[PDB]
Amino acid sequence: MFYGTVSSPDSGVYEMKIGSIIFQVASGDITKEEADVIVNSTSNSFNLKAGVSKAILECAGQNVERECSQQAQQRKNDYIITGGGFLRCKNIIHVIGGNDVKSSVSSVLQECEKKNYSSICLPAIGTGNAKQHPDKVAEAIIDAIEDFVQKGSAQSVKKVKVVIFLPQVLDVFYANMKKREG
Ligand SMILES: Cc1cc(Nc2ccc(O)cc2)n2ncnc2n1
Ligand SMILES: [Cl-]
Ligand SMILES: [Cl-]
């Protein structure tokens with residue numbers, strides 16, 4: 001009803017259509033990517049500096065770190081939106097790695113529509129310090145995008161890319177795409 005065909009547009013990159021959205025996966029360093037939004041997978045205090053969160057906060061810079069701690073003390077947040085700092089993006093959305101991954105991705109998609117953004121890049125949310133299982137994380141990410149498409153909510157959002165630290169986790173995402181393809 002929604003899924004296109006899995007193919008490889010460049011070496012190590014795999015893509016398929018989900019409704020109107022191009023969904024892509026690749027292994028690499030997320031801090032070198034360009035997108036309207038980059039997603040950080042962090043702790044409930046928004047000040048973790050381990051694994052992918054270390055790279056994102058170090059590259060983004062101290063003003064973004066400052067933004068995070070200030071919003072954390074203002075209220076209880078399920079996620080926080082900051083500037084991009086020295087990353088190549090318009091905003092960073094910082095989600096909690098231990099939270100429900102489908103819910104976190106659904107929130108990212110809705111916030112990107114609110115800003116009329118077209119591109120998103122995210123890590124394998126929850127597979128770092130939170131130690132959620134890669135198979136469940138892949139299923140949750142793709143389920144969130146399917147639901148967003150099914151509800152007719154995709155308007156500005158055109159491209160969602162997962163850039164993944166470990167090649168072994170990329171294999172799990174590829175297998176999930178092949179399970180779903182038309
Ligand atoms: C050991 C390790 C390293 C690393 N990131 C990285 C650092 C330096 C490079 O040159 C390449 C990748 N990450 N990210 C998440 N967990 C990690 N664990
Ligand atoms: Cl995590
Ligand atoms: Cl990752």
Side-chain angles (χ1 to χ4, degrees), residues 6 8 10-16 18 21-62 64-65 67-69 71-72 76-82 84-89 91-109 111-112 119-145 159-178:
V6 179
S8 181
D10 283 286
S11 50
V13 183
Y14 302 93
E15 75 169 35
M16 76 194 301
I18 308 176
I21 293 169
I22 304 153
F23 179 68
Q24 297 193 330
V25 299
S27 183
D29 184 353
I30 194 168
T31 69
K32 317 314 302 190
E33 293 289 314
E34 179 182 336
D36 291 324
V37 158
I38 293 171
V39 176
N40 185 21
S41 184
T42 188
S43 61
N44 55 17
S45 55
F46 307 97
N47 59 358
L48 195 71
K49 206 170 291 168
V52 182
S53 66
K54 184 181 171 180
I56 289 177
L57 287 188
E58 286 180 350
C59 184
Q62 293 181 39
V64 169
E65 287 192 65
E67 263 205 85
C68 290
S69 68
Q71 285 193 56
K76 190 192 176 186
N77 296 286
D78 287 352
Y79 58 89
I80 289 178
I81 304 178
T82 68
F86 294 95
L87 290 171
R88 292 204 291 169
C89 65
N91 290 107
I92 301 161
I93 305 181
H94 308 253
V95 303
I96 299 169
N99 276 15
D100 184 73
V101 172
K102 190 182 172 185
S103 184
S104 295
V105 177
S106 294
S107 295
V108 169
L109 291 162
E111 297 289 358
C112 289
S119 60
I120 304 171
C121 185
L122 63 147
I125 297 162
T127 66
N129 274 220
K131 294 178 73 192
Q132 299 203 50
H133 289 185
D135 191 14
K136 296 186 190 190
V137 167
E139 185 85 2
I141 290 169
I142 304 174
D143 283 354
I145 301 169
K159 178 175 168 184
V160 178
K161 185 180 188 178
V162 192
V163 171
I164 297 167
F165 168 56
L166 300 169
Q168 68 204 58
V169 172
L170 181 283
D171 294 342
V172 169
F173 278 73
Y174 172 89
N176 201 294
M177 295 165 72
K178 294 291 286 176

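Counting convention: from 1, in listed order, for ligands and their atoms alike. For the single chain, residues carry numbers from 1 onward in sequence order.
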Taking side-chain hydrogen bond (donor to acceptor under 3.5 Å, both in side chains) as the test, write out the residues that go with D100, two or more places apart. none
Residues in side-chain contact (heavy atoms from CB on, under 4.5 Å) with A140, at least two apart? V101, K102
Validation row: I141, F173 side chains within 4.5 angstrom (heavy atoms): yes
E65 side chain near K49 side chain, heavy-atom distance below 4.5 Å: yes
My understanding is that only residues two or more places apart in sequence, or in another chain, count here; which of them pass ring pair (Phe, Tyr, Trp, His ring centres under 6.0 Å) with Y14? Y174
Tell me which one of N77, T82, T42 satisfies side chain to side chain donor-acceptor pair (under 3.5 Å) with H94. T82
Could you pull out every protein residue that has a heavy atom closer than 4.0 Å to ligand 1, ordered by chain and then number? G51, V52, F165
